[PDB]
2 protein chains.
Amino acid sequence: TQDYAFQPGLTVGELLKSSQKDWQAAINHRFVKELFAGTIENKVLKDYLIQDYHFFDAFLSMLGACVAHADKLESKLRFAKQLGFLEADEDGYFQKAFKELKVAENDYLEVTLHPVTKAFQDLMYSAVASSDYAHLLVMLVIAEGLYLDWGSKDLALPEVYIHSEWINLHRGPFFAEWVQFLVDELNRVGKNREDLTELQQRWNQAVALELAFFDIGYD
Amino acid sequence: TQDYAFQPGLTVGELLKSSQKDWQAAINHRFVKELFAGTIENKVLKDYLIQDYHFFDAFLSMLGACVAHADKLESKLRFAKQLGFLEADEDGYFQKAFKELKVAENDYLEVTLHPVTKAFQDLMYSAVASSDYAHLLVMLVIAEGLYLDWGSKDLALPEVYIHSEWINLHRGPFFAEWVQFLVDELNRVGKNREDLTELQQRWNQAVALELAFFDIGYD
């Protein structure tokens, strides 16, 4: 019944059923509302972005691990394409946002990982350690799929670059096609697996952490 | 004493000493001579490129594993940048070259891996399996460094695209800077390692395989 910005199919559709409350709470979080309105306080966005730049570090590693462990050359190449985009456009955003928000390089070194950020990294690095494409895809479908689901909201875009660009990085046909690729891959490789319970446990925990992460800047 | 297109430094400089004969034989191979002259037979280039597109598959995986296992975010990002380049420009070359040489998708599925190609993949996938950044860098410094060393030769470039573009993909300031990055990284992480013998054994075997690979099209 629940609609999403992507077409979940069978396996991802099944995984989504147990995380619904967390998923909906995340995409309708205060953070998302205030970002779209342009009303979000700089201190809140700054704190979120500092923690998120650590997410991004482990996130690149997951994409790398998919290039390493995907079973199809075409899939490897699509991951490679996304990695090039992230180095150019997403890292570019972070550097511009930190300059605007007056975050020096060391003002990044010195910020402690929030317990949620630490939990998320642990979970991401365990997917890397598994060398298991399905476990990596669980993490990526959630991170990218949930961000597409809020990014795709029918709300007027805010005028300030540091607001609009964070939305635009998680919105639009290129990102939507990428998310559907990830979903299609998890449906492909997830189809007949013995360890669906383990995948579901990872899935549910990662959605919970996505929701908790949005509270970081409001602490 | 031996000059290279990159500055080897300490650790890479030491590794190079035991592979000199193979290295020089590879960069002065008939393949390289005939490619630069534009005299290489289509059948020879085709056979080489078909086997090389399997090298490229495992090669992307090694780059991915470096994004996953590099110890610095800046390094991860440089690997991510190179992966985007390879998906765009290098895969693009392969698709154009196969079209020109009339190699159908299935004329790729059906070609057996040459024993050298198989050996090289095994060695590349073992570096991936190690999750050890130094072992991955050994493989990448050799693959990219040796290709820069022949690609950088002071010989007039041939006129035919399928010849010139294979040279141009392994020549020039962007590729040279990439190779020096890789060397600098191996010098950084290789500096104090207990398993230098194991790294040297990998190194020497990979250079030997690079040399053998050039004979594939002449078999």
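Residues numbered from 1 in each chain as written, not as in the entry; some residues may be left out. Chains lettered and ligands numbered in written order. Heavy atoms only, no water. Residues with missing side-chain atoms left out of burial classes, pairs and counts.

Judging from the entry metadata, X-ray crystallography is the method by which this structure was determined, and 1.700 Å is the reported resolution.

A. Just the pattern of salt bridges, in detail. Under the definition given, this model contains 16 salt bridges over all chains. Put simply, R188(B) and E185(B) hold a salt bridge, and the shortest N to O gap is 2.9 Å. With a gap of three residues between them, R188(B) and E185(B) both fall in helix α10 (residues 173-190), about one helical turn apart. Look at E185(B) and you get buried, because its relative accessible area is 7%. Counted as one network, the salt bridges with shared partners bring together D71(A), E185(A) and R188(A). (Salt bridge = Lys/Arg side-chain N within 4 Å of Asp/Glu carboxyl O. Helix = DSSP H or I, 4+ residues; strand = E, 2+ residues; numbered from the N terminus. Buried < 20%, exposed > 50% of the residue type's maximum accessible area, 1.4 Å probe, protein only.)

B. A look at the relation of the copies chain A and chain B. By a simple turn and slide, chain A fits onto chain B: the slide is 0.0 Å along the axis, the RMSD is 0.0 Å, and the turn is 180°. On the angle and the small slide along the axis, the relation comes out as a two-fold axis. Comparing interface residues between copies, 100% of those in chain A also lie at the interface in chain B; the contact surface is shared. (Least-squares fit on C-alpha atoms. Contact = heavy atoms within 4.5 Å.)

C. Broad picture of the side chain of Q82(A). Counting through the fold element by element, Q82(A) comes out in helix α5 (residues 73-100). Owing to a relative accessible area of 0%, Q82(A) belongs among the buried residues under this scheme.

D. Here's a closer look at the interface of chain A and chain B. Taken residue by residue, the interface counts 21 residues in chain A and 21 residues in chain B. Both faces considered, chain A and chain B share a buried interface measuring about 1,800 Å² in area, 70% of it formed by carbon and sulfur atoms. Counting the surface chain A buries against chain B, the share from its top three residues, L73(A), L77(A) and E87(A), is 28%. Linking chain A with chain B are two salt bridges. The partner of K76(A) in a salt bridge is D57(B), and the shortest N-O contact between them spans 2.6 Å. Seen at the junction of chain A and chain B, the total is 10 residue pairs in polar contact. Secondary-structure elements contributing two or more residues to the side of chain A that touches chain B are α4 (42-69), α5 and α7 (115-130) of chain A. When residues of the side of chain A that touches chain B are assigned to their parent elements, the largest contribution, 10 residues, is made by α4(A). (Buried area = accessible area lost by both parts, 1.4 Å probe. Polar contact = N/O pair within 3.5 Å; in protein donor to acceptor, adjacent residues only side chain to side chain.)

E. Structural detail: the UniProt feature "domain: Thiaminase-2/PQQC" (unreviewed entry) in chain A. With numbering aligned to this structure, UniProt lists the feature "domain: Thiaminase-2/PQQC" (unreviewed entry) at residues 20-218 of chain A. The span residues 20-218 of chain A is 79% helical and 0% strand by assignment, and the distance between its end C-alpha atoms comes to 23 Å. (UniProt positions renumbered as here; feature names shortened; annotations may be inferred.)

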